[PDB]
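Two forms, one protein chain; structure tokens for each follow separately as structure 1 and structure 2.
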Structure 1
């Protein structure tokens, strides 16, 4: 229909109104892993309550992703943004973190370690984190973290870090079963926590693997609500997440993996 075709064209020009100015500020240069991968201003996570000695303390390379449960899509920490990451988790009341990379893959730093070892605690600026217990699953490790603001023990909350460990160094997994099982656990944990904030998801840039995990999670949530017969539109979902953070889902293999994951999920429901 003409209405449909034209509206579709018009929606595609909306992104010309987005800006990425905050991420290009001189003070924020050293807070981006990739100079060309920056958060949209209108969905970026804005950090309040930073060190007043820092001229710019409100910036992290992260965006809120609301399907239209919400998400924060962010890059893996740099050595200098670990304190900022924990400020974000506290402020947003996030209770679940999904780490989709190893710290180092193929000689490259994807994420600086931002958690304490099991049974230890660390202060990251004003934030105190205790690692109470770790559980090693086949494809991932779960770390039960307790996060609080120093001098305010009453603010302590549990943050569950789901660290996916077996994504391959090149390409995507050749079967989606491990990812789906992982995502099912993340889903049940989030739904168990009253007033939990957005689920934090990261990879080195916060777009490729992050986007893949987020898009799969959104689609399987639709299938949970609407059943295996519901309509699914992968391209419209990717367009909706890309309106909130540019570039989500970076490769054709990632794109195919999303399709495979959704179909596998449907078949699991038919088997169970």
Structure 2
């Protein structure tokens, strides 16, 4: 309804600093100059190349639910110069699941730069070594099982499952939320089955719009899963809570309504 406009007006001034993203040495690491991570929730990268003045920065935020397994990483789509940083982040957080919300190119515009090798292929990104051992295809998404490890350190290999959503329309949101719900159920089955699994990374393009919709839907669906129908589902409050860790999560009115539609579809399915 009209509450989304109230939240948008609430975000006309941000209450936490974004200084690290505004440094000169980071100007080439952001897709947009107005989409920057908060300093107090940004992901700090270790083991960068000392030849670069700043190597601890990535346009990424840790997102925690609050009234690593149950937390997320919301970040932008990779740039050509930030792919190694993305893989350093995925390794450093012990992340095991990645959710791509857009295609590589949609309507001519490059949304997510390809950062993985093809099936049965292997590629090194900086000090990280990534092997694509299997690719499966469903109706709504493509699953890729990757093996991530540090070069010269074979005892660090772990499996990262990349779920690439491909059905999202070019304009608007999906007319039915069943695909998103089944996709998130698969992602939840994968993440729950891995012990000591890091945050689920959710990314593409700007990393606030579809990323925010996905993260908020997952949080509310997990609440319903944990306590049933006798619980409070406050969509504006959840959007406010996730916005205190990354600016502008969920951007359009269609996505705002899609969150409600998906939550009620999940409730009626139980």
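Residue numbers count along the first chain shown, from 1. The term rigid core refers to the maximal set of C-alpha atoms that superpose within 1.5 Å between the two forms. Residues that one form lacks are left out of the comparison.
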Checklist entry - In a fit on the core, which one among 24, 263, 10, 19 has a Cα that moves 2 Å or more between structures 1 and 2? => result 10
Checklist outcome for this item: Students should find the CA displacement of residue 107 between structures 1 and 2, rigid core aligned, in Å, to be 1.2
Checklist entry - Once the rigid core is lined up, which stretches of 3 or more residues in a row have C-alphas that move 2 Å or more between structures 1 and 2? => result 3-17
